[PDB]
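**Q**
Number of protein chains: 2
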Amino acid sequence: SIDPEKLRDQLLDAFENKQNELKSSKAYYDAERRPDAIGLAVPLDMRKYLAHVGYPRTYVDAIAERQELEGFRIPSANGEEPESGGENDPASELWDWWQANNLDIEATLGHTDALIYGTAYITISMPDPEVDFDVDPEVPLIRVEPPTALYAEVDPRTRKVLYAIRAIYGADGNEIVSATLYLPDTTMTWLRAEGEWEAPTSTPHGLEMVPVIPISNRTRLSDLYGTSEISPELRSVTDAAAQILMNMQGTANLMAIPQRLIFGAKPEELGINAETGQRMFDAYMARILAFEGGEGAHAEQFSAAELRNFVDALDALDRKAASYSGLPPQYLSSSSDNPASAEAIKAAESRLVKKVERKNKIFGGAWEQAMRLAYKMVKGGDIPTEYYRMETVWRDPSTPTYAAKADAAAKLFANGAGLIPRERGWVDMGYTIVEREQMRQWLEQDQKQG
Amino acid sequence: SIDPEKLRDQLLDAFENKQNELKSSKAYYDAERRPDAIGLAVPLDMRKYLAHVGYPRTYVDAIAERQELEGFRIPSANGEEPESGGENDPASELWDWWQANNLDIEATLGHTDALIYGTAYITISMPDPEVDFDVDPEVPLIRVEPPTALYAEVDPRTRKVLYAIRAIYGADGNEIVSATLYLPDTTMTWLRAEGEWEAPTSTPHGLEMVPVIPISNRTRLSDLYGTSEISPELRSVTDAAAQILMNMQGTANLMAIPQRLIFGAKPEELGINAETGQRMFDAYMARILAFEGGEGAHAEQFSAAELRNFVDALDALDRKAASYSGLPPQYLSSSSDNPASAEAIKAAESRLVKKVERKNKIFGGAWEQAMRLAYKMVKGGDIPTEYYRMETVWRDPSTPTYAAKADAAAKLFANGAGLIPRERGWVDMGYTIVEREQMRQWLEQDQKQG
Numbered sequence: 006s007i008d009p010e011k012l013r014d015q016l017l018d019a020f021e022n023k024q025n026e027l028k029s030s031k032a033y034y035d036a037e038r039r040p041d042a043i044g045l046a047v048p049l050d051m052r053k054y055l056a057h058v059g060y061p062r063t064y065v066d067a068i069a070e071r072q073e074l075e076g077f078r079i080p081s082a083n084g085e086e087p088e089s090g091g092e093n094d095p096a097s098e099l100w101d102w103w104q105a106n107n108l109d110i111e112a113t114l115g116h117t118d119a120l121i122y123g124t125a126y127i128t129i130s131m132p133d134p135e136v137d138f139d140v141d142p143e144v145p146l147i148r149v150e151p152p153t154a155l156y157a158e159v160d161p162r163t164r165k166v167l168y169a170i171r172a173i174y175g176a177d178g179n180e181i182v183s184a185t186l187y188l189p190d191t192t193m194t195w196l197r198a199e200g201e202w203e204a205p206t207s208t209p210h211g212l213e214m215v216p217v218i219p220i221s222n223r224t225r226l227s228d229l230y231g232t233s234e235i236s237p238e239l240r241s242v243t244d245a246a247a248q249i250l251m252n253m254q255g256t257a258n259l260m261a262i263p264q265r266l267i268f269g270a271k272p273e274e275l276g277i278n279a280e281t282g283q284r285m286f287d288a289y290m291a292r293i294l295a296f297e298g299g300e301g302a303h304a305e306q307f308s309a310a311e312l313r314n315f316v317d318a319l320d321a322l323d324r325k326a327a328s329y330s331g332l333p334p335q336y337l338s339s340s341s342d343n344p345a346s347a348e349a350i351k352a353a354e355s356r357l358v359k360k361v362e363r364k365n366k367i368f369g370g371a372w373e374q375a376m377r378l379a380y381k382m383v384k385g386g387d388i389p390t391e392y393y394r395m396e397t398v399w400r401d402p403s404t405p406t407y408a409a410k411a412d413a414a415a416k417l418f419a420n421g422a423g424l425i426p427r428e429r430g431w432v433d434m435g436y437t438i439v440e441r442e443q444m445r446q447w448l449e450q451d452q453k454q455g
Numbered sequence: 006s007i008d009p010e011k012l013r014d015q016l017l018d019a020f021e022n023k024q025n026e027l028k029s030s031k032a033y034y035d036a037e038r039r040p041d042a043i044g045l046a047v048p049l050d051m052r053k054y055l056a057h058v059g060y061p062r063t064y065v066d067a068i069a070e071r072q073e074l075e076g077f078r079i080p081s082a083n084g085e086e087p088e089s090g091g092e093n094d095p096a097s098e099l100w101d102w103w104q105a106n107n108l109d110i111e112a113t114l115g116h117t118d119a120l121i122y123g124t125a126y127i128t129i130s131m132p133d134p135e136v137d138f139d140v141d142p143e144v145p146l147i148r149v150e151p152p153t154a155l156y157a158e159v160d161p162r163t164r165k166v167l168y169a170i171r172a173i174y175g176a177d178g179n180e181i182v183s184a185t186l187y188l189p190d191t192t193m194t195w196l197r198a199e200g201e202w203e204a205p206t207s208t209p210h211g212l213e214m215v216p217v218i219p220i221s222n223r224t225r226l227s228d229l230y231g232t233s234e235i236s237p238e239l240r241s242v243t244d245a246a247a248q249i250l251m252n253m254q255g256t257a258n259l260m261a262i263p264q265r266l267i268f269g270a271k272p273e274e275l276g277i278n279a280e281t282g283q284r285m286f287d288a289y290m291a292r293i294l295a296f297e298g299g300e301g302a303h304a305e306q307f308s309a310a311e312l313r314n315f316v317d318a319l320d321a322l323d324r325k326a327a328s329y330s331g332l333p334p335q336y337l338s339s340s341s342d343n344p345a346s347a348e349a350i351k352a353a354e355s356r357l358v359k360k361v362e363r364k365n366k367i368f369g370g371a372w373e374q375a376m377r378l379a380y381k382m383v384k385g386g387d388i389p390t391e392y393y394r395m396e397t398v399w400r401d402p403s404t405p406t407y408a409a410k411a412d413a414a415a416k417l418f419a420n421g422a423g424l425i426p427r428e429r430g431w432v433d434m435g436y437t438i439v440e441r442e443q444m445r446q447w448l449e450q451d452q453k454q455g
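Chains as they are written, first to last, in the deposited numbering: chain Fb, 6 to 455; chain Fa, 6 to 455.
(1) In the DSSP output, what is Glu199(Fa) paired with across the bridge?
(2) Please name the residues in the segment 355-381 of chain Fa whose beta-carbon is closer than 9 Å to at least one beta-carbon of chain Fb, in chain order.
(3) To the nearest angstrom, how far is the alpha carbon of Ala270(Fa) from that of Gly282(Fb)?
(4) Go through its chain and collect everything with a Cβ distance to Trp195(Fa)'s Cβ below 6 Å, but skip five positions before and after it.
(5) In chain Fa, what lies closer than 9 Å to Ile173(Fb) by C-beta?
(6) Using only CA atoms, which one of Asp141(Fa), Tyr126(Fa), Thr163(Fa) lies nearest to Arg148(Fb)?
(7) Since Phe296(Fb) meets chain Fa, which of its residues come closer than 8 Å, beta carbon to beta carbon?
(8) I believe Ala67(Fb) touches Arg78(Fb) by the beta-carbon criterion, under 8 Å. Please report the beta-carbon distance rounded to the nearest angstrom.
(9) Identify which residue in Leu12(Fb), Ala309(Fb), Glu98(Fb), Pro61(Fb) has its Cα closest to the Cα of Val383(Fb).
(10) Chain Fa beta carbons: is any one of them nearer than 8 Å to that of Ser346(Fb)?
(11) Contact check, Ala69(Fa) vs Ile220(Fa) under 8 Å by CB: the rounded distance?
(12) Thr404(Fa) CB to nearest chain Fb CB: under 8 Å?
(13) Along chain Fb, in chain order, which residues have C-beta atoms closer than 7 Å to that of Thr256(Fa)?
(14) So with Cβ pairs under 8 Å, would you call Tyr187(Fb) a contact of chain Fa?
(15) Quick check for students: name the residue ranges of the beta strand (DSSP E) that lie wholly in the segment 74-145 of chain Fa, counting only runs of 3 or more.
(16) Can you find a C-beta in chain Fa that's less than 8 Å from the C-beta of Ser183(Fb)?
(17) What are the start and end residues of the alpha helix (DSSP H) that includes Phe315(Fa)?
(18) Does the Cβ-Cβ distance between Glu180(Fb) and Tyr168(Fb) come in under 8 Å?
(19) Mind checking the segment 424-438 of chain Fb against chain Fa and listing, in chain order, the residues whose C-beta falls within less than 9 Å of any C-beta there?
(20) Residues of chain Fb with CB closer than 8 Å to the CB of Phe315(Fa), please, in chain order.
(21) For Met285(Fb), does the count of other Cβ atoms within 10 angstroms reach 16, so buried, or fall short, so exposed?
(22) Under 6 Å Cβ to Cβ from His57(Fb), same chain only, skipping five residues before and after it: list those, please.
(23) Determine the extent of the alpha helix (DSSP H) in which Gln443(Fa) is found, giving its start and end residues.
(24) Thinking C-alpha only, which one of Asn252(Fa), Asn278(Fa), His303(Fa) is nearest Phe268(Fa)?
(25) List the residues of chain A whose Cβ lies closer than 9 Å to the Cβ of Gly91(Fb), in chain order.
(26) Quick one: measure Cβ to Cβ for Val215(Fb) and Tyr174(Fb), integer angstroms, because I've assumed they're closer than 8 Å.
(27) Measure the CB-CB distance between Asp317(Fa) and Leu312(Fb) and report whether it falls below 8 Å.
(28) Got a sec? Which residues, its chain only, sit under 7 Å from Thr191(Fa) by beta carbon, not counting five neighbours each side?
(29) Under 8 Å, Cβ to Cβ, is there at least one residue of chain Fa near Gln283(Fb)?
(30) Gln72(Fa) by DSSP, collapsed to three states: which one?
(31) Rounded C-beta distance between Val361(Fb) and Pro402(Fb)? I'm assuming under 8 Å.
(32) For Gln15(Fb), does the three-state DSSP call read helix, strand or coil?
(33) Would you decide whether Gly91(Fa) is buried or exposed? Buried here means 16 or more other CB atoms lie within 10 Å of its CB.
(34) So which residues on chain Fb does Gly301(Fa) lean against when the C-beta distance must stay under 8 Å?
(35) List the residues of chain Fa that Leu337(Fb) touches, going by C-beta distances under 7 Å, in chain order.
(36) Going along the segment 407-418 of chain Fa in order, which residues come within less than 8 Å of chain Fb, judged by CB to CB distance?
Written out as structure tokens, the structure reads:
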């Protein structure tokens, strides 16, 4: 119905309006100047010496470091045969496209934008040799694109995308040097700045749906568009701690030392120079100053401020930042304690592990959906019914304690007489789908040795 | 389209514009003087005694020295799919070029500058023996160059380099000795023979793409181009700690001792030499001074400054430097504990280890491109479709704890009756791609000898 020329112009307006929200979350992950971070006690000329607090970056890194996809799996046809070669396992096609795109860089990279901004988009397409030279022509060209360069409109009635715009600025400026529109029928692209456009380079595609899938950091039902992981709790302790670091630093300049005073001595009796208000005197160690009586003069001093009075509040905000984030206490350094044993580690990181397992559960939904669109685009025919029941398989988020699992798996398997089959011991040791498959071949070769 | 003789001068202007930014990040790693590091309480003449803080250098080195590439892995042709054929293969040719170029030396330098500045560049060509180089003429000349010497302009639409300029300076006089331009179908080079350029020498190439690959430190997708590893968190803590060290040192020179005063005594009564304002007295141990003074005459003193008032702020900033960097608390000397089990090491290193594993895939994604362009440079034909699916294999960045792995891999293998094939036990023990092949030969000799 609506003209693509008019859809482009309204979607670029909506995309530009979103950039007023995203600049807020960016300014916590990159420590840009926040008015609320400036410590109030330091005088106006010293306020150029900003302090910065790394809690938001530390929290988003400590999630995104743990997330890694290790395969897909799909229910087999009747007869239950789990894998095959020559005539391939259908899940190994999806992993071939994952490797051929380098999504093992781009997805784990784009998951940080999904945590920072609350959303990021997966774009599905076929390659064409007019644009690029270093992709396999048989493989669907899948990319991840951030909300600072793509926008999509979602129908709250049915949760699908209606249409989306991908809009890219040039030369570190604000010239919108290209824009692309996605529709259920088609996509169009323009190749110069706004008010100066080329003709729309355009193509059809075979889907009933827009080839843009949102990865979204949704935490509940409601929450339809996803929400930033850097929560108001973690923002408010980051801003609070930055003020304490500025006031402590300001105190270390003006006031972490006594101020010495003399009362009753006349400036001309001390020999103060009239033009400058100063008297120089030699100040090597053990000199004794001797003064005239000054009509009952005496010396006294203002106290130093004790900097511990700020540090014993900084250690309280390092208990809050740990408590809100659920990181291990040694990540914030909230105390001088470290896990002594494998069970002490699994205890200490239990919050961060269950946080990451829930992020793997949520972001896995976007990746299986993007793989269904990629199959439906490449293979052209309607989707085989088992692809509606596929699973993403992810690495165990916990720290890789090897020896504690090695003696456990050896006790369970007991040289083949034990409780579990061989390949169960391999997945309990945490070997990936591609490593387990490779070990079936080395094991078959070892069964020929003597 | 554009004249190369004019394109050179446009890119040399853009390169010297970039050099104005890079020196900001360099000043923190080289520990050069910064205005923000100068502690404000120190008197103007005494401010020459700069204190330099090593957190940025400690962080960037602790990341860069944990990385090491150990081979390239390419998926083998279907139906017989080993790690190697006992013969020349895709993994071995790319590793032979890696060794023949000494990239196992020079990539560790390139990864340091890629962390300091946020980028470096990998360049590819065939060697020209007319230059009298000491290199094997059969291998491609693959070599890395820093952003202080090579600059490349990049396409926002598909992220490829359009063109790049390399410029070489003779001395701190900032005169260019040579410039080199890389274009999609040729290189070109000029020498500044006497104040001005000689006529250029071109060299064409068979690639559709510029033979310069940016190895860049992209932490997030909304970084369209790579950013410095020395984050604003670490800059602001490095400068904060330098001000405390300056003020503490000036306090030790001026106030770590009390200042001694006498009031109500005439200078001429004490016998001050009026020409110099001073009086020597014998200051040997236990002698008692006696004064006539009775005009309310008394001794008194200003206190010392407590130097620990600053040290109590130094260790607070060291806990922030540890918290923002994610190094083991040992590296900032900040813990009272020190880990003493192989499990407690895996606990304390965990946030450094998974930060290095994040860099390994981000930099690995650039090294595979340099190897695909090098293959197309040497073999001339378009690349075999398996090379789009290659993986860089990196040595594990954790502290190695050999005995705790030998106790585990031996129990899993159980003299061949156990859970895993022999070569998996070698991969888990951490023997590299090259060491595993050498062991297959020793194992055959041991098996033949009996």
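Just so it is clear, CB atoms sit at the ideal spot from N, CA and C, and this is done for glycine as well.
**A** So, from the listed chains and residues:
(1) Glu201(Fa)
(2) Correct list: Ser355, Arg356, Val358, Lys359, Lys360, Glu362, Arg363, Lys366, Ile367, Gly369, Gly370, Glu373, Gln374, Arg377, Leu378.
(3) For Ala270(Fa) and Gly282(Fb), the distance between alpha carbons rounds to 24 Å.
(4) The answer, listed in chain order, is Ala184, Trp202, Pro205.
(5) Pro161, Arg162, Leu229
(6) Comparing alpha-carbon positions, the option among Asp141(Fa), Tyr126(Fa), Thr163(Fa) lying closest to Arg148(Fb) turns out to be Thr163(Fa).
(7) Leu266, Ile267, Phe268, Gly269, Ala270
(8) That pair is no contact at about 28 Å.
(9) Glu98(Fb)
(10) yes
(11) In fact, because the Cβ distance is near 13 Å, the residues do not count as touching under 8 Å.
(12) no
(13) Here the neighbours are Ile262.
(14) Contact with chain Fa is absent for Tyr187(Fb), since none of that chain's Cβ atoms lies less than 8 Å from the residue's Cβ.
(15) 74-78, 124-130
(16) yes
(17) 313-330
(18) No. Outside cutoff.
(19) Under the 9 Å Cβ criterion, the segment 424-438 of chain Fb contributes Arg427, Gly430, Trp431, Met434, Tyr436.
(20) Simply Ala257, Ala261, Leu312.
(21) It counts as exposed.
(22) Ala36
(23) 438-454
(24) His303(Fa)
(25) Protein chains Fb and Fa are contained in the structure displayed, whereas chain A is not.
(26) Their Cβ separation, rounded to whole angstroms, is 23 Å, which puts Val215(Fb) and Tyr174(Fb) out of contact at 8 Å.
(27) yes
(28) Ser207, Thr208, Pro209, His210
(29) no
(30) The answer is coil: DSSP assigns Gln72(Fa) none of H, G, I, E or B.
(31) 4 Å
(32) helix
(33) The residue in question, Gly91(Fa), is exposed, as its Cβ has fewer than 16 Cβ neighbours within 10 Å.
(34) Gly298, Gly301
(35) Those within 7 Å of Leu337(Fb) in chain Fa are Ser328.
(36) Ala409, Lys410, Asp412, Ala413, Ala414, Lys416, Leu417
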